[PDB]
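Trainee: Can you keep this structure in mind? I'll have questions shortly.
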Amino acid sequence: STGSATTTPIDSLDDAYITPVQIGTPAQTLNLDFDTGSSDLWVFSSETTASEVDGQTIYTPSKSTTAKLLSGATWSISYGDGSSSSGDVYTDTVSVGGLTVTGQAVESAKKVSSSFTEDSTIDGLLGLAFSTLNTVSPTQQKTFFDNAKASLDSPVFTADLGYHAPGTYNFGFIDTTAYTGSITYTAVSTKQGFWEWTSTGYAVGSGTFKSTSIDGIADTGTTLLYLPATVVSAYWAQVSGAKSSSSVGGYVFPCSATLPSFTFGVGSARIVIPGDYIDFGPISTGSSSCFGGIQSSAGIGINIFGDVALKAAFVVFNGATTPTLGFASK
């Protein structure tokens, strides 16, 4: 089997992407944030504290003939940005882009933090990291991908995120029309539960490539590119007036600037992030200070190849017995 679903930016900045997902019988379609940096499929629901719901579409398990309470199971998750959610668990039928999993754990939120409430466009998350990170207790649950894997034509999914435009998540096949040149595959460590890999270096604009190992995660659920302070300083030094602002919370730059590209290495291959992808616009409406899309990872504890990086590539998440990651230009 295979699946193919379009993913759409939630706003004009590509802060996140939503993908429609069918849950239950008859189908309830919710728009979920596919997150290769976590491993829980959770939804706003009929159980979510009323004051914490503001425009989201909810899953109502009592209206699904295939929903079953997973008795005694609870979940609770905290994300890198400090947001969180928790609740109980149902199993139900879940379909993405025509690919169906029966008995998928659907984690129903009883509580969500303010950032989730405030984002009316995101009805929940669909985790695509390794199932060892799943938070369900006392019986850990598998991700949608893990459950689908054995049925897939090939044990892979691909992320093809758009820059200010829709893109695609495919399951079970590689669309050879969706990228240019060849795909370069690189080793993955699953030791921390992430799609963790080592970039071979970087360049700023038309500058020379610096060969240096940068361990990080491929994370579709993180907006920006978070890299070591040395790398980030070298990038922003090429933008007149750019500075790190503790009050704003990262590097800002004059909105009058033209940003240089940023290249990262994948083996001997190179992915180029155009400068425009690094512009996140005014820090507040009307401001002439703009927020940068490359930020320091210092204090996170890991480097993160988030959407800024991933949307410059066609990315293969290869879930074979020994997982790997592939990157192609597009």
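Labels for the structure tokens follow display order: chains A, B, ..., residues from 1 in each chain, ligands from 1.
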Would you list the contacts of range 281-293 of chain A as a PyMOL selection string, taking every protein, DNA or RNA residue within 6 Å and counting only C-alpha atoms, but skipping same-chain residues closer than 5 positions in sequence?

Mentor: chain A and resi 224+251-255

Trainee: From a backbone DSSP assignment, name each residue in range 73-156 of chain A labelled strand (DSSP E or B), as a PyMOL selection string.

Mentor: chain A and resi 73-78+84-96+99-112+124-127+137+156

Trainee: Using only N, CA, C and O atoms, please write the residues we just selected to a file, as a compact mmCIF listing (two decimals), in the first residue's frame.

Mentor:
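That gives us result_39.txt:
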# COMPACT_ATOMS: atom_id res chain seq x y z
N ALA A 73 -5.04 3.75 29.83
CA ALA A 73 -3.90 4.41 29.20
C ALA A 73 -4.01 5.92 29.31
O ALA A 73 -5.07 6.50 29.07
N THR A 74 -2.90 6.56 29.64
CA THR A 74 -2.84 8.02 29.66
C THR A 74 -1.59 8.46 28.93
O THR A 74 -0.71 7.66 28.66
N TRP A 75 -1.53 9.75 28.62
CA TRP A 75 -0.38 10.30 27.93
C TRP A 75 -0.17 11.73 28.39
O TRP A 75 -1.09 12.38 28.87
N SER A 76 1.07 12.19 28.26
CA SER A 76 1.42 13.54 28.66
C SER A 76 2.73 13.88 27.99
O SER A 76 3.70 13.12 28.10
N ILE A 77 2.75 15.00 27.28
CA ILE A 77 3.91 15.36 26.48
C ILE A 77 4.25 16.82 26.64
O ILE A 77 3.37 17.66 26.83
N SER A 78 5.55 17.10 26.59
CA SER A 78 6.07 18.46 26.60
C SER A 78 7.00 18.61 25.40
O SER A 78 7.83 17.74 25.14
N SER A 84 2.61 21.89 25.74
CA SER A 84 2.31 20.59 26.32
C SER A 84 0.85 20.22 26.15
O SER A 84 0.01 21.08 25.86
N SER A 85 0.56 18.94 26.34
CA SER A 85 -0.80 18.44 26.27
C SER A 85 -0.82 17.08 26.95
O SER A 85 0.23 16.45 27.15
N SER A 86 -2.01 16.62 27.32
CA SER A 86 -2.16 15.35 28.01
C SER A 86 -3.60 14.87 27.92
O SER A 86 -4.51 15.65 27.65
N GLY A 87 -3.81 13.59 28.18
CA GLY A 87 -5.15 13.05 28.18
C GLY A 87 -5.19 11.54 28.27
O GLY A 87 -4.32 10.91 28.88
N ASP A 88 -6.23 10.96 27.66
CA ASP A 88 -6.40 9.51 27.63
C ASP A 88 -6.36 9.03 26.17
O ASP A 88 -5.99 9.81 25.29
N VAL A 89 -6.68 7.76 25.92
CA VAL A 89 -6.35 7.15 24.64
C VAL A 89 -7.47 6.26 24.13
O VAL A 89 -8.05 5.48 24.89
N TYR A 90 -7.74 6.37 22.83
CA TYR A 90 -8.65 5.48 22.11
C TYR A 90 -7.84 4.78 21.04
O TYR A 90 -6.78 5.26 20.63
N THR A 91 -8.31 3.62 20.59
CA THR A 91 -7.83 3.11 19.32
C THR A 91 -8.93 3.34 18.30
O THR A 91 -10.12 3.29 18.61
N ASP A 92 -8.53 3.62 17.07
CA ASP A 92 -9.50 3.84 16.01
C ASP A 92 -8.79 3.68 14.67
O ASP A 92 -7.56 3.54 14.60
N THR A 93 -9.57 3.73 13.60
CA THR A 93 -9.05 3.67 12.25
C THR A 93 -8.60 5.06 11.82
O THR A 93 -9.33 6.04 11.97
N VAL A 94 -7.38 5.14 11.30
CA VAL A 94 -6.77 6.40 10.89
C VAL A 94 -6.26 6.24 9.48
O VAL A 94 -5.56 5.28 9.17
N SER A 95 -6.62 7.19 8.61
CA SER A 95 -6.17 7.16 7.22
C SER A 95 -5.51 8.48 6.85
O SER A 95 -5.99 9.56 7.21
N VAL A 96 -4.40 8.36 6.13
CA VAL A 96 -3.65 9.51 5.63
C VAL A 96 -3.47 9.31 4.15
O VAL A 96 -2.79 8.38 3.71
N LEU A 99 -3.99 5.83 2.80
CA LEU A 99 -3.36 4.74 3.53
C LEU A 99 -4.04 4.60 4.88
O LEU A 99 -4.10 5.56 5.64
N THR A 100 -4.53 3.40 5.17
CA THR A 100 -5.33 3.17 6.36
C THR A 100 -4.62 2.25 7.36
O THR A 100 -4.11 1.20 6.98
N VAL A 101 -4.63 2.67 8.62
CA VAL A 101 -4.19 1.85 9.75
C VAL A 101 -5.39 1.61 10.66
O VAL A 101 -6.04 2.55 11.08
N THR A 102 -5.67 0.35 10.96
CA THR A 102 -6.67 0.03 11.97
C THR A 102 -5.97 -0.15 13.32
O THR A 102 -4.81 -0.53 13.40
N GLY A 103 -6.69 0.17 14.39
CA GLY A 103 -6.15 0.01 15.72
C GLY A 103 -5.07 1.02 16.09
O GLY A 103 -4.28 0.75 16.98
N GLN A 104 -5.03 2.16 15.42
CA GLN A 104 -4.07 3.21 15.75
C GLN A 104 -4.42 3.85 17.09
O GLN A 104 -5.58 4.19 17.33
N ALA A 105 -3.43 4.07 17.95
CA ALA A 105 -3.65 4.84 19.16
C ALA A 105 -3.86 6.31 18.81
O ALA A 105 -2.98 6.95 18.23
N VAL A 106 -5.03 6.82 19.18
CA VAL A 106 -5.43 8.20 19.00
C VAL A 106 -5.53 8.78 20.40
O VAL A 106 -6.41 8.42 21.17
N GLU A 107 -4.61 9.67 20.72
CA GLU A 107 -4.49 10.22 22.05
C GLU A 107 -5.39 11.45 22.14
O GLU A 107 -5.20 12.43 21.44
N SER A 108 -6.41 11.35 22.98
CA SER A 108 -7.41 12.40 23.12
C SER A 108 -7.00 13.39 24.19
O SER A 108 -6.77 13.00 25.34
N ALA A 109 -6.88 14.66 23.83
CA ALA A 109 -6.44 15.66 24.79
C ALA A 109 -7.55 16.00 25.77
O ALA A 109 -8.67 16.33 25.37
N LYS A 110 -7.21 15.95 27.05
CA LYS A 110 -8.04 16.55 28.08
C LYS A 110 -7.58 17.98 28.37
O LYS A 110 -8.39 18.84 28.71
N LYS A 111 -6.28 18.22 28.25
CA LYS A 111 -5.69 19.53 28.49
C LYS A 111 -4.67 19.83 27.42
O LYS A 111 -3.95 18.93 26.96
N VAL A 112 -4.61 21.09 27.01
CA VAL A 112 -3.58 21.58 26.10
C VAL A 112 -3.10 22.92 26.62
O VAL A 112 -3.85 23.66 27.26
N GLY A 124 -4.21 18.97 16.12
CA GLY A 124 -3.44 17.97 16.83
C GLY A 124 -2.15 17.69 16.10
O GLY A 124 -1.82 18.38 15.12
N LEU A 125 -1.42 16.69 16.60
CA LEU A 125 -0.12 16.32 16.06
C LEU A 125 -0.14 14.87 15.64
O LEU A 125 -0.84 14.05 16.23
N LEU A 126 0.63 14.55 14.61
CA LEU A 126 0.87 13.17 14.21
C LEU A 126 2.38 12.94 14.22
O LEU A 126 3.13 13.43 13.36
N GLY A 127 2.83 12.22 15.24
CA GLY A 127 4.26 12.01 15.42
C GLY A 127 4.83 10.97 14.48
O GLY A 127 4.22 9.93 14.25
N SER A 137 1.26 5.59 28.66
CA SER A 137 1.56 4.77 29.82
C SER A 137 0.27 4.06 30.24
O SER A 137 -0.80 4.66 30.18
N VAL A 156 9.11 3.43 4.00
CA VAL A 156 9.61 4.79 3.91
C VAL A 156 8.46 5.77 3.97
O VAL A 156 7.32 5.45 3.61

Trainee: Between A:16, A:229, A:58, A:43, which has the minimum distance to residue 214 in chain A (counting only C-alpha atoms)?

Mentor: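 The shortest atom-to-atom distance to residue 214 in chain A comes from A:229.
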
Trainee: Using only C-alpha atoms, which residue out of A:129, A:239, A:227, A:159 lies closest to residue 194 in chain A?

Mentor: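 Looking only at the distances to residue 194 in chain A, the closest residue turns out to be A:129.
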
Trainee: Tell me, in Å to one decimal, how far CA of residue 174 in chain A is from CA of residue 24 in chain A.

Mentor: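 Atom-to-atom, CA of residue 174 in chain A to CA of residue 24 in chain A, that is 27.8 Å.
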
Trainee: Restricting the calculation to only C-alpha atoms: of A:41, A:325, A:242, A:302, which residue gets closest to residue 146 in chain A?

Mentor: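 Of A:41, A:325, A:242, A:302, the one nearest residue 146 in chain A is A:41, counting only C-alpha atoms.
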
Trainee: Pick from A:173, A:53, A:182, A:7: nearest to residue 154 in chain A, with only C-alpha atoms counted?

Mentor: A:173

Trainee: Can you pull out every residue from range 107-189 of chain A that DSSP, working from the backbone, puts in alpha helix (DSSP H), and format the result as a count of residues only?

Mentor: 10

Trainee: To one decimal in Å, tell me the separation between CA of residue 230 in chain A and CA of residue 265 in chain A.

Mentor: 16.3 Å

Trainee: Which residue out of A:298, A:204, A:188, A:304 has the minimum interatomic distance to residue 320 in chain A when only C-alpha atoms are used?

Mentor: A:188

Trainee: With only C-alpha atoms as the atoms that count, which of A:195, A:169, A:44, A:79 lies nearest to residue 311 in chain A?

Mentor: A:169

Trainee: What's the 8 Å shell around residue 180 in chain A, counting only C-alpha atoms, without same-chain residues fewer than 4 positions away, as a ChimeraX atom specification?

Mentor: /A:328-330

Trainee: Based on the selection just made, write N, CA and C atoms of those residues as a short mmCIF file (atom, residue, chain, number, x, y, z; two decimals), in the first residue's frame.

Mentor:
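Done, and the output landed in out33.cif:
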data_model
loop_
_atom_site.label_atom_id
_atom_site.label_comp_id
_atom_site.auth_asym_id
_atom_site.auth_seq_id
_atom_site.Cartn_x
_atom_site.Cartn_y
_atom_site.Cartn_z
N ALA A 328 17.53 15.19 -1.34
CA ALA A 328 17.74 15.61 -2.72
C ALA A 328 17.34 17.07 -2.85
N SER A 329 17.98 17.75 -3.79
CA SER A 329 17.52 19.07 -4.21
C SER A 329 16.22 18.91 -5.00
N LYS A 330 15.50 20.01 -5.18
CA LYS A 330 14.22 19.96 -5.87
C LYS A 330 13.89 21.28 -6.52
#

Trainee: Show me, as a compact mmCIF listing (two decimals) with N, CA and C atoms, in the first residue's frame, the residues that have an atom within 7 Å of residue 275 in chain A when counting only C-alpha atoms, minus same-chain residues fewer than 6 positions from it.

Mentor:
# COMPACT_ATOMS: atom_id res chain seq x y z
N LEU A 259 19.08 38.67 2.39
CA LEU A 259 19.76 37.61 3.12
C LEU A 259 20.55 36.70 2.19
N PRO A 260 21.75 36.28 2.61
CA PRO A 260 22.49 35.27 1.87
C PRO A 260 21.86 33.89 2.04
N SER A 261 22.12 33.01 1.08
CA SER A 261 21.75 31.62 1.22
C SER A 261 22.59 30.94 2.31
N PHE A 262 22.17 29.73 2.67
CA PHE A 262 22.90 28.89 3.60
C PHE A 262 22.92 27.49 3.02
